[PDB]
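Fold and contact review
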Amino acid sequence: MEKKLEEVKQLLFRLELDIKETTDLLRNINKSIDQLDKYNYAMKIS
Amino acid sequence: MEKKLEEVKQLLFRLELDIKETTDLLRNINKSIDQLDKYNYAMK
Amino acid sequence: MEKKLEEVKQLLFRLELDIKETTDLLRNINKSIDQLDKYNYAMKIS
Amino acid sequence: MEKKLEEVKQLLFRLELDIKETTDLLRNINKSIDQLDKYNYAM
């Protein structure tokens, strides 16, 4: 079982990395949309 | 096996916290996107 | 920008579903760990 | 943003593969747990 638990641990590390890389990409996208927000605020509201 | 179970239990929980942060970010992005639609509605 | 955000919306939604599947999986793993703990503890106090 | 979204697509693909691989492993672990219980009545 301990062998199998180690296999689980290694897959959890993979999922953890998947989420890390995905979140980093989301932060990039988030900044992009924030810029679009500020642009459209200036254009349409102010 | 006790220690190994603890190892996995700890890692599971840390990953749950990470995923929570991802979910928060998703919420924020969706709110920013909704803000854009709001400008189209309100400007006009 | 329109269809660019459309694609964003599609990806965000796909990710939302994948996150749900991941969190469910993590709870399922935790259940298995909990059961293994029950057996291990039973051995320890025997 | 085009290329960043493509990278997101690739990460979702990898995530989904990894979810499936983990699900498959867990199924096998749960079978072992069932065997533990099968032979647990008499310690």
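For the structure itself, look to the data block above.
Attention here is on the structure that accompanies the text. (Residues numbered from 1 in each chain as written, not as in the entry; some residues may be left out. Chains lettered and ligands numbered in written order. Heavy atoms only, no water.)

Examined against the element boundaries, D37(A) turns out to sit in helix α1 (residues 2–44). No salt bridge is formed by the buried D37(A); its nearest oppositely charged neighbour, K38(B), is found at 8.1 Å. With residues near it in sequence (within four places) discarded, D37(A) still touches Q35(B), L36(B) and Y39(B). (Helix = DSSP H or I, 4+ residues; strand = E, 2+ residues; numbered from the N terminus. Buried < 20%, exposed > 50% of the residue type's maximum accessible area, 1.4 Å probe, protein only. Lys, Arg positive; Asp, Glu negative; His and termini not counted. Salt bridge = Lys/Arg side-chain N within 4 Å of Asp/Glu carboxyl O. Contact = heavy atoms within 4.5 Å.)

This next bit is on the environment of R14(C). In this structure, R14(C) sits in helix α1 (residues 3–44). Judged by its relative accessible area of 31%, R14(C) is partly exposed. Beyond its immediate sequence surroundings of up to four residues, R14(C) is in contact with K9(D), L12(D), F13(D) and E16(D).

Moving on, we get to the interface of chain B and chain C. Contacts between the two partners involve 16 residues from chain B, matched on the other side by 19 residues from chain C. Between chain B and chain C, roughly 1500 Å² of surface is buried when both sides are summed, and carbon and sulfur atoms account for 76% of that area. Its largest share of buried area at the contact with chain C, chain B owes to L5(B), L12(B) and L26(B), together 31% of the area lost on that side. Connecting chain B to chain C are 3 salt bridges. (Buried area = accessible area lost by both parts, 1.4 Å probe.)

The next point concerns the interface of chain B and chain A. One frequently used descriptor of interface size is the decrease in accessible area upon assembly of the parts. Taken residue by residue, the interface counts 24 residues in chain B and 22 residues in chain A. Summed over both sides, the interface of chain B with chain A buries roughly 2300 Å², with 74% coming from carbon and sulfur. Considering only the surface of chain B that becomes buried against chain A, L11(B), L25(B) and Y39(B) emerge as the three largest contributors, covering 26% of it. On inspection of chain B and its partner chain A, the count reaches 4 salt bridges.

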